[PDB]
Structures are given as structure tokens and as C-alpha cells.
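Data from entry-v1.cif: mmCIF, N, CA, C and O atoms
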data_upload
#
loop_
_atom_site.label_atom_id
_atom_site.label_comp_id
_atom_site.auth_asym_id
_atom_site.auth_seq_id
_atom_site.Cartn_x
_atom_site.Cartn_y
_atom_site.Cartn_z
N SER A 1 14.33 16.08 -42.47
CA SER A 1 13.98 15.42 -43.72
C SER A 1 12.48 15.21 -43.86
O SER A 1 11.83 14.67 -42.96
N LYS A 2 11.93 15.65 -44.99
CA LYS A 2 10.52 15.39 -45.28
C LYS A 2 10.25 13.90 -45.43
O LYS A 2 9.13 13.44 -45.19
N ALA A 3 11.27 13.12 -45.82
CA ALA A 3 11.07 11.70 -46.09
C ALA A 3 11.07 10.86 -44.83
O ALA A 3 10.42 9.80 -44.79
N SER A 4 11.78 11.29 -43.78
CA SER A 4 11.99 10.46 -42.61
C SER A 4 11.49 11.06 -41.31
O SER A 4 11.51 10.36 -40.28
N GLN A 5 11.06 12.31 -41.30
CA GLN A 5 10.76 12.99 -40.05
C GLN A 5 9.44 13.74 -40.14
O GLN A 5 8.92 14.00 -41.23
N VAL A 6 8.91 14.08 -38.97
CA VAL A 6 7.87 15.09 -38.83
C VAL A 6 8.45 16.22 -38.00
O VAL A 6 9.38 16.02 -37.21
N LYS A 7 7.90 17.42 -38.19
CA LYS A 7 8.18 18.52 -37.28
C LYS A 7 7.13 18.55 -36.19
O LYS A 7 5.94 18.36 -36.45
N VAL A 8 7.57 18.75 -34.95
CA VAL A 8 6.69 18.79 -33.79
C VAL A 8 6.79 20.17 -33.15
O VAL A 8 7.89 20.62 -32.82
N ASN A 9 5.65 20.82 -32.99
CA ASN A 9 5.55 22.07 -32.25
C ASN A 9 4.75 21.82 -30.98
O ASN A 9 3.59 21.40 -31.05
N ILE A 10 5.36 22.05 -29.83
CA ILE A 10 4.66 22.02 -28.55
C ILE A 10 4.14 23.42 -28.28
O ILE A 10 4.92 24.35 -28.03
N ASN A 11 2.82 23.59 -28.34
CA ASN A 11 2.18 24.88 -28.15
C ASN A 11 1.43 24.89 -26.83
O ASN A 11 1.04 23.84 -26.30
N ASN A 12 1.22 26.09 -26.30
CA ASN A 12 0.25 26.25 -25.23
C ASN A 12 -1.13 26.44 -25.85
O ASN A 12 -1.30 26.38 -27.07
N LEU A 13 -2.13 26.68 -25.02
CA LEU A 13 -3.50 26.84 -25.49
C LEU A 13 -3.81 28.27 -25.89
O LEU A 13 -4.99 28.60 -26.10
N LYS A 14 -2.80 29.13 -26.02
CA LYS A 14 -2.99 30.52 -26.39
C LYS A 14 -2.28 30.85 -27.70
O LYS A 14 -1.90 32.00 -27.94
N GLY A 15 -2.09 29.84 -28.55
CA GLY A 15 -1.54 30.06 -29.88
C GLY A 15 -0.05 30.30 -29.94
O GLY A 15 0.42 30.99 -30.85
N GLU A 16 0.72 29.73 -29.02
CA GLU A 16 2.09 30.14 -28.78
C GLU A 16 2.96 28.90 -28.65
O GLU A 16 2.65 28.00 -27.86
N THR A 17 4.03 28.84 -29.44
CA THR A 17 4.90 27.67 -29.49
C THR A 17 5.96 27.77 -28.40
O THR A 17 6.71 28.74 -28.34
N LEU A 18 6.01 26.75 -27.54
CA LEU A 18 6.95 26.68 -26.44
C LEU A 18 8.29 26.11 -26.89
O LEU A 18 9.34 26.72 -26.66
N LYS A 19 8.26 24.93 -27.51
CA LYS A 19 9.46 24.26 -28.00
C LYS A 19 9.13 23.54 -29.29
O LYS A 19 7.97 23.23 -29.58
N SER A 20 10.17 23.27 -30.08
CA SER A 20 10.02 22.54 -31.33
C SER A 20 11.16 21.56 -31.49
O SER A 20 12.27 21.78 -31.00
N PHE A 21 10.88 20.46 -32.18
CA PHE A 21 11.89 19.46 -32.48
C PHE A 21 11.41 18.61 -33.65
O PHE A 21 10.22 18.60 -33.98
N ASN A 22 12.35 17.90 -34.26
CA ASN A 22 12.05 16.96 -35.33
C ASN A 22 12.05 15.55 -34.75
O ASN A 22 12.77 15.26 -33.79
N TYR A 23 11.22 14.68 -35.32
CA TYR A 23 11.16 13.31 -34.82
C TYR A 23 11.13 12.31 -35.97
O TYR A 23 10.39 12.48 -36.93
N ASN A 24 11.94 11.26 -35.83
CA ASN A 24 12.03 10.20 -36.83
C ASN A 24 10.78 9.32 -36.76
O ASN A 24 10.47 8.74 -35.72
N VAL A 25 10.06 9.22 -37.88
CA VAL A 25 8.86 8.40 -37.95
C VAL A 25 9.10 7.11 -38.73
O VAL A 25 8.14 6.42 -39.09
N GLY A 26 10.36 6.75 -38.97
CA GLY A 26 10.72 5.45 -39.50
C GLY A 26 10.52 5.26 -40.99
O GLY A 26 10.74 4.14 -41.48
N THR A 27 10.13 6.29 -41.71
CA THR A 27 9.83 6.18 -43.13
C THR A 27 11.05 6.51 -43.99
O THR A 27 12.02 7.12 -43.53
N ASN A 28 10.98 6.11 -45.26
CA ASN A 28 11.99 6.46 -46.25
C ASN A 28 11.39 7.22 -47.42
O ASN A 28 12.07 7.40 -48.44
N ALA A 29 10.15 7.67 -47.30
CA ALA A 29 9.51 8.50 -48.32
C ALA A 29 8.54 9.43 -47.62
O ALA A 29 7.93 9.08 -46.61
N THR A 30 8.41 10.64 -48.16
CA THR A 30 7.51 11.62 -47.56
C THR A 30 6.06 11.22 -47.80
O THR A 30 5.75 10.31 -48.58
N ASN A 31 5.15 11.90 -47.10
CA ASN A 31 3.71 11.65 -47.21
C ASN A 31 3.37 10.18 -46.97
O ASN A 31 2.49 9.60 -47.62
N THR A 32 4.06 9.56 -46.01
CA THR A 32 3.86 8.16 -45.68
C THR A 32 3.58 8.05 -44.19
O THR A 32 4.21 8.73 -43.38
N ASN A 33 2.62 7.18 -43.84
CA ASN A 33 2.25 6.99 -42.44
C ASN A 33 3.47 6.70 -41.58
O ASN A 33 4.36 5.94 -41.97
N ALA A 34 3.50 7.31 -40.40
CA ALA A 34 4.53 7.01 -39.43
C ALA A 34 4.46 5.54 -39.04
O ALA A 34 3.38 4.95 -38.96
N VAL A 35 5.63 4.94 -38.82
CA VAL A 35 5.68 3.56 -38.36
C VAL A 35 5.16 3.50 -36.93
O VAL A 35 5.45 4.38 -36.11
N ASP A 36 4.37 2.47 -36.63
CA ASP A 36 3.85 2.28 -35.28
C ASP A 36 4.99 2.27 -34.27
O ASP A 36 6.05 1.69 -34.51
N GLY A 37 4.77 2.94 -33.14
CA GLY A 37 5.75 2.98 -32.09
C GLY A 37 6.77 4.09 -32.19
O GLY A 37 7.68 4.15 -31.36
N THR A 38 6.66 4.97 -33.19
CA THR A 38 7.55 6.14 -33.27
C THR A 38 6.95 7.29 -32.47
O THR A 38 7.43 7.61 -31.38
N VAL A 39 5.89 7.90 -32.99
CA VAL A 39 5.20 8.96 -32.26
C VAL A 39 4.13 8.39 -31.34
O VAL A 39 4.10 8.68 -30.14
N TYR A 40 3.24 7.55 -31.88
CA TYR A 40 2.15 6.94 -31.14
C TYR A 40 2.34 5.43 -31.05
O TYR A 40 3.13 4.83 -31.79
N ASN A 41 1.58 4.83 -30.14
CA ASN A 41 1.51 3.37 -30.08
C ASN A 41 0.98 2.80 -31.39
O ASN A 41 1.46 1.77 -31.87
N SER A 42 -0.01 3.47 -31.99
CA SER A 42 -0.61 3.05 -33.25
C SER A 42 -0.84 4.28 -34.10
O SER A 42 -1.55 5.20 -33.68
N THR A 43 -0.23 4.31 -35.29
CA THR A 43 -0.38 5.47 -36.15
C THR A 43 -1.81 5.63 -36.64
O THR A 43 -2.33 6.75 -36.73
N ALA A 44 -2.48 4.51 -36.94
CA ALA A 44 -3.83 4.59 -37.49
C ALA A 44 -4.85 4.94 -36.42
O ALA A 44 -5.83 5.65 -36.70
N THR A 45 -4.66 4.46 -35.19
CA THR A 45 -5.58 4.69 -34.08
C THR A 45 -4.76 5.10 -32.86
O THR A 45 -4.54 4.30 -31.95
N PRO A 46 -4.31 6.35 -32.81
CA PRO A 46 -3.44 6.78 -31.70
C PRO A 46 -4.20 6.86 -30.39
O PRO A 46 -5.32 7.38 -30.33
N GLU A 47 -3.57 6.35 -29.34
CA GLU A 47 -4.13 6.43 -27.99
C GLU A 47 -3.11 6.81 -26.93
O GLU A 47 -3.52 7.27 -25.86
N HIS A 48 -1.81 6.65 -27.18
CA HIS A 48 -0.77 7.06 -26.25
C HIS A 48 0.46 7.47 -27.05
O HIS A 48 0.68 6.99 -28.16
N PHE A 49 1.27 8.36 -26.47
CA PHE A 49 2.61 8.58 -26.99
C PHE A 49 3.44 7.31 -26.84
O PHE A 49 3.36 6.62 -25.82
N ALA A 50 4.25 7.02 -27.85
CA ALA A 50 5.34 6.07 -27.65
C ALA A 50 6.29 6.64 -26.60
O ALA A 50 6.45 7.86 -26.48
N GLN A 51 6.90 5.75 -25.82
CA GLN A 51 7.71 6.19 -24.69
C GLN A 51 8.88 7.06 -25.14
O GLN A 51 9.18 8.08 -24.50
N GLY A 52 9.54 6.68 -26.23
CA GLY A 52 10.63 7.51 -26.74
C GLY A 52 10.16 8.89 -27.13
O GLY A 52 10.86 9.88 -26.90
N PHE A 53 8.97 8.98 -27.72
CA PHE A 53 8.41 10.29 -28.06
C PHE A 53 8.06 11.07 -26.80
O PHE A 53 8.32 12.28 -26.72
N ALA A 54 7.48 10.40 -25.80
CA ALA A 54 7.15 11.06 -24.54
C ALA A 54 8.40 11.57 -23.84
O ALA A 54 8.40 12.67 -23.28
N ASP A 55 9.48 10.78 -23.87
CA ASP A 55 10.74 11.23 -23.28
C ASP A 55 11.27 12.47 -23.99
O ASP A 55 11.74 13.41 -23.34
N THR A 56 11.19 12.49 -25.32
CA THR A 56 11.65 13.66 -26.07
C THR A 56 10.81 14.89 -25.73
O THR A 56 11.35 15.99 -25.56
N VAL A 57 9.49 14.71 -25.63
CA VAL A 57 8.62 15.82 -25.26
C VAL A 57 8.95 16.31 -23.85
O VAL A 57 9.12 17.51 -23.61
N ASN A 58 9.05 15.38 -22.90
CA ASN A 58 9.34 15.75 -21.52
C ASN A 58 10.70 16.42 -21.40
O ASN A 58 10.85 17.40 -20.66
N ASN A 59 11.70 15.91 -22.12
CA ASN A 59 13.02 16.55 -22.10
C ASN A 59 12.96 17.96 -22.67
O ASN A 59 13.59 18.88 -22.14
N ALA A 60 12.20 18.15 -23.76
CA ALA A 60 12.09 19.46 -24.37
C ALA A 60 11.42 20.47 -23.45
O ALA A 60 11.76 21.66 -23.49
N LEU A 61 10.49 20.02 -22.62
CA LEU A 61 9.73 20.90 -21.74
C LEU A 61 10.40 21.12 -20.39
O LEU A 61 9.86 21.86 -19.56
N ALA A 62 11.55 20.49 -20.16
CA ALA A 62 12.26 20.68 -18.89
C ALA A 62 12.63 22.14 -18.71
O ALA A 62 13.24 22.76 -19.59
N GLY A 63 12.25 22.70 -17.57
CA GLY A 63 12.48 24.10 -17.28
C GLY A 63 11.36 25.04 -17.66
O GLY A 63 11.37 26.20 -17.23
N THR A 64 10.38 24.58 -18.44
CA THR A 64 9.29 25.44 -18.89
C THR A 64 8.15 25.53 -17.89
O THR A 64 7.39 26.50 -17.93
N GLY A 65 8.00 24.54 -17.01
CA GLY A 65 6.84 24.47 -16.15
C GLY A 65 5.61 23.89 -16.81
O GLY A 65 4.54 23.85 -16.18
N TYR A 66 5.72 23.43 -18.06
CA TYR A 66 4.60 22.87 -18.81
C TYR A 66 4.74 21.36 -18.93
O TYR A 66 5.82 20.79 -18.75
N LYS A 67 3.62 20.71 -19.24
CA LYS A 67 3.58 19.27 -19.41
C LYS A 67 2.56 18.92 -20.48
O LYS A 67 1.53 19.59 -20.62
N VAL A 68 2.84 17.86 -21.23
CA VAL A 68 1.96 17.35 -22.28
C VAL A 68 1.45 15.98 -21.85
O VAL A 68 2.24 15.10 -21.49
N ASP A 69 0.13 15.80 -21.89
CA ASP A 69 -0.49 14.52 -21.56
C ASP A 69 -0.69 13.76 -22.87
O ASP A 69 -1.59 14.07 -23.65
N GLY A 70 0.17 12.77 -23.11
CA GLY A 70 0.09 11.97 -24.33
C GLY A 70 -1.15 11.11 -24.43
O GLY A 70 -1.44 10.60 -25.52
N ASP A 71 -1.89 10.93 -23.34
CA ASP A 71 -3.15 10.20 -23.37
C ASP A 71 -4.33 11.08 -23.76
O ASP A 71 -5.41 10.56 -24.02
N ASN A 72 -4.14 12.40 -23.79
CA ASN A 72 -5.21 13.31 -24.14
C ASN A 72 -5.48 13.25 -25.64
O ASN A 72 -4.56 13.36 -26.46
N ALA A 73 -6.76 13.09 -26.00
CA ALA A 73 -7.14 13.00 -27.41
C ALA A 73 -6.82 14.27 -28.18
O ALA A 73 -6.68 14.22 -29.41
N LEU A 74 -6.70 15.41 -27.50
CA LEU A 74 -6.35 16.65 -28.17
C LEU A 74 -4.94 16.59 -28.75
O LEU A 74 -4.60 17.40 -29.62
N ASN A 75 -4.12 15.65 -28.29
CA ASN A 75 -2.75 15.47 -28.76
C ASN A 75 -2.62 14.27 -29.69
O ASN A 75 -1.50 13.77 -29.88
N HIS A 76 -3.72 13.80 -30.26
CA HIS A 76 -3.72 12.62 -31.12
C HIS A 76 -4.12 13.02 -32.53
O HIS A 76 -5.23 13.53 -32.75
N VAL A 77 -3.23 12.77 -33.49
CA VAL A 77 -3.50 12.97 -34.90
C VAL A 77 -3.37 11.62 -35.58
O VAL A 77 -2.27 11.05 -35.64
N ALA A 78 -4.48 11.09 -36.08
CA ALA A 78 -4.47 9.78 -36.72
C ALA A 78 -3.82 9.87 -38.09
O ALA A 78 -3.94 10.87 -38.80
N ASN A 79 -3.11 8.80 -38.47
CA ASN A 79 -2.48 8.69 -39.78
C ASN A 79 -1.50 9.83 -40.04
O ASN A 79 -1.47 10.42 -41.12
N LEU A 80 -0.70 10.16 -39.02
CA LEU A 80 0.35 11.16 -39.17
C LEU A 80 1.38 10.68 -40.18
O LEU A 80 1.82 9.53 -40.14
N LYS A 81 1.76 11.57 -41.10
CA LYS A 81 2.59 11.20 -42.23
C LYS A 81 3.90 11.98 -42.22
O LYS A 81 3.95 13.11 -41.74
N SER A 82 4.94 11.34 -42.74
CA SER A 82 6.24 12.00 -42.86
C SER A 82 6.11 13.29 -43.65
O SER A 82 5.33 13.39 -44.60
N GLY A 83 6.90 14.29 -43.26
CA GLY A 83 6.84 15.60 -43.87
C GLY A 83 5.78 16.52 -43.31
O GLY A 83 5.73 17.69 -43.72
N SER A 84 4.95 16.05 -42.39
CA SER A 84 3.93 16.88 -41.78
C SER A 84 4.48 17.60 -40.55
O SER A 84 5.56 17.29 -40.04
N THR A 85 3.72 18.57 -40.07
CA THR A 85 3.99 19.25 -38.81
C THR A 85 2.90 18.87 -37.81
O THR A 85 1.71 19.05 -38.08
N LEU A 86 3.32 18.33 -36.67
CA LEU A 86 2.41 17.94 -35.61
C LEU A 86 2.41 19.00 -34.52
O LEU A 86 3.47 19.45 -34.09
N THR A 87 1.22 19.40 -34.09
CA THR A 87 1.06 20.30 -32.96
C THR A 87 0.49 19.51 -31.79
O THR A 87 -0.55 18.87 -31.91
N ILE A 88 1.20 19.55 -30.66
CA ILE A 88 0.70 19.01 -29.40
C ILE A 88 0.65 20.16 -28.40
O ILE A 88 1.29 21.20 -28.58
N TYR A 89 -0.14 19.97 -27.35
CA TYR A 89 -0.52 21.07 -26.46
C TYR A 89 -0.13 20.77 -25.03
O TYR A 89 -0.38 19.67 -24.52
N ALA A 90 0.48 21.76 -24.38
CA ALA A 90 0.97 21.64 -23.01
C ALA A 90 0.22 22.61 -22.10
O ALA A 90 -0.23 23.67 -22.54
N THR A 91 0.11 22.23 -20.83
CA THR A 91 -0.47 23.07 -19.80
C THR A 91 0.48 23.12 -18.61
O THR A 91 1.39 22.30 -18.48
N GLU A 92 0.25 24.10 -17.73
CA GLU A 92 1.02 24.21 -16.50
C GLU A 92 0.34 23.42 -15.38
O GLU A 92 0.97 23.03 -14.40
#

So, in terms of C-alpha cells, how does the structure I just supplied come out?
Amino acid sequence: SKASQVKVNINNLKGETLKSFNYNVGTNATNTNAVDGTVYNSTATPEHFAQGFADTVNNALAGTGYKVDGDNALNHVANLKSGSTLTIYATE
């Protein structure tokens, strides 16, 4: 749903999508800031993955040999909004 979710693509650093999933950002209308604690600790000033989001990322990457560091600023998009596609980056 564009109104309640974002699309997440976990890519490597070579332009290649490893896994994808949808994530609930707590909204009821599209183009609206994610609720704090869904994807990031703070939607306006992201600094860490929310634990539920980190668990979903880690579960999605099981078996791939890759890992995403939610503390890395390269994986932080401020003011992420419902209906958007988020790209985060994994390394081996």
C-alpha cells in the first residue's frame, strides 16, 4: 500500500538488489512521514534502525552472507514518506 508502507530494496554496492520487502510505516495516507520507531528511531533525524526493522532486514539477508549496518549514515534517509522506495546497502 502506498498509504501505509514503503518498499525497501537491500542492494549491494554494485547496483544490484539482493532482497526486497515492504514495511509498515504507520501512516494512513501516502506521501506522509513515517511514524517514529517504524523504520528509524527518528524519522526526521535518523540515526539507527528500529529493532523491528533491523530484525526484518537481518531475516531477509539470512543465507546471503551480507549484512546491513543500520548505524551507517549511508543507510539513513531523513523524512522517509509512505509510498516511497528506500534503498539500503549491504556488505559481506

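When the PyMOL selection byres ((chain A and resi 13-20) around 7) is run on the displayed coordinates, the residues it returns are residues 7, 8, 9, 10, 11, 12, 21, 22, 60, 61, 88, 89, 90 and 91 of chain A.
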
The selected residues should be written to file as a compact mmCIF listing (two decimals), in the coordinates of the input (atoms: N, CA, C and O atoms).
# COMPACT_ATOMS: atom_id res chain seq x y z
N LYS A 7 7.90 17.42 -38.19
CA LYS A 7 8.18 18.52 -37.28
C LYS A 7 7.13 18.55 -36.19
O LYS A 7 5.94 18.36 -36.45
N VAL A 8 7.57 18.75 -34.95
CA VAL A 8 6.69 18.79 -33.79
C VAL A 8 6.79 20.17 -33.15
O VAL A 8 7.89 20.62 -32.82
N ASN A 9 5.65 20.82 -32.99
CA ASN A 9 5.55 22.07 -32.25
C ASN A 9 4.75 21.82 -30.98
O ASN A 9 3.59 21.40 -31.05
N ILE A 10 5.36 22.05 -29.83
CA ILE A 10 4.66 22.02 -28.55
C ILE A 10 4.14 23.42 -28.28
O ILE A 10 4.92 24.35 -28.03
N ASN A 11 2.82 23.59 -28.34
CA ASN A 11 2.18 24.88 -28.15
C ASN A 11 1.43 24.89 -26.83
O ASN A 11 1.04 23.84 -26.30
N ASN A 12 1.22 26.09 -26.30
CA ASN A 12 0.25 26.25 -25.23
C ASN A 12 -1.13 26.44 -25.85
O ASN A 12 -1.30 26.38 -27.07
N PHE A 21 10.88 20.46 -32.18
CA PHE A 21 11.89 19.46 -32.48
C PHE A 21 11.41 18.61 -33.65
O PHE A 21 10.22 18.60 -33.98
N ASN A 22 12.35 17.90 -34.26
CA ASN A 22 12.05 16.96 -35.33
C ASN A 22 12.05 15.55 -34.75
O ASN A 22 12.77 15.26 -33.79
N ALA A 60 12.20 18.15 -23.76
CA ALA A 60 12.09 19.46 -24.37
C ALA A 60 11.42 20.47 -23.45
O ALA A 60 11.76 21.66 -23.49
N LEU A 61 10.49 20.02 -22.62
CA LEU A 61 9.73 20.90 -21.74
C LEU A 61 10.40 21.12 -20.39
O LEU A 61 9.86 21.86 -19.56
N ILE A 88 1.20 19.55 -30.66
CA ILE A 88 0.70 19.01 -29.40
C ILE A 88 0.65 20.16 -28.40
O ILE A 88 1.29 21.20 -28.58
N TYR A 89 -0.14 19.97 -27.35
CA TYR A 89 -0.52 21.07 -26.46
C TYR A 89 -0.13 20.77 -25.03
O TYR A 89 -0.38 19.67 -24.52
N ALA A 90 0.48 21.76 -24.38
CA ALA A 90 0.97 21.64 -23.01
C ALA A 90 0.22 22.61 -22.10
O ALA A 90 -0.23 23.67 -22.54
N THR A 91 0.11 22.23 -20.83
CA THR A 91 -0.47 23.07 -19.80
C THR A 91 0.48 23.12 -18.61
O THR A 91 1.39 22.30 -18.48

- Query: Selected by the PyMOL selection byres (((chain A and resi 49 and name CA) around 10) and name CA) in the shown coordinates: which residues, as JSON, numbers by chain?
  - Reply: {"A": [37, 38, 39, 40, 41, 42, 46, 47, 48, 50, 51, 52, 53, 54, 55, 57, 68, 69, 70, 71, 72, 75, 76]}

- Determine which residues of chain A receive a DSSP assignment of strand (DSSP E), computed from the backbone, and state them as a ChimeraX atom specification. /A:5-11,17-24,85-89

Where is the centre and how long are the edges: axis-aligned box on stretch 14-23 of chain A, 6 Å on each side, Å to one decimal, as AutoDock Vina command-line options:
--center_x 4.9 --center_y 22.2 --center_z -31.5 --size_x 27.8 --size_y 31.7 --size_z 22.9

- Provide the atom CA of residue A:85 to atom O of residue A:63 distance in Å, to one decimal place. 23.8 Å

- Task: Please tell me which residues are no farther than 12 Å from (2.0, 8.4, -45.7) in the file, counting only C-alpha atoms, and write them as a ChimeraX atom specification.
- Result: /A:2-6,25-35,43-44,78-84

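For the atom pair formed by atom N of residue A:64 and atom CA of residue A:77, the distance is 24.5 Å, given to one decimal.
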
- as an NGL selection string, list the residues of chain A assigned to helix (DSSP H, G or I) by DSSP on the backbone atoms of this structure. :A and (51-60 or 73-75)

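Reported to one decimal place, the separation of atom CA of residue A:45 from atom N of residue A:73 is 11.7 Å.
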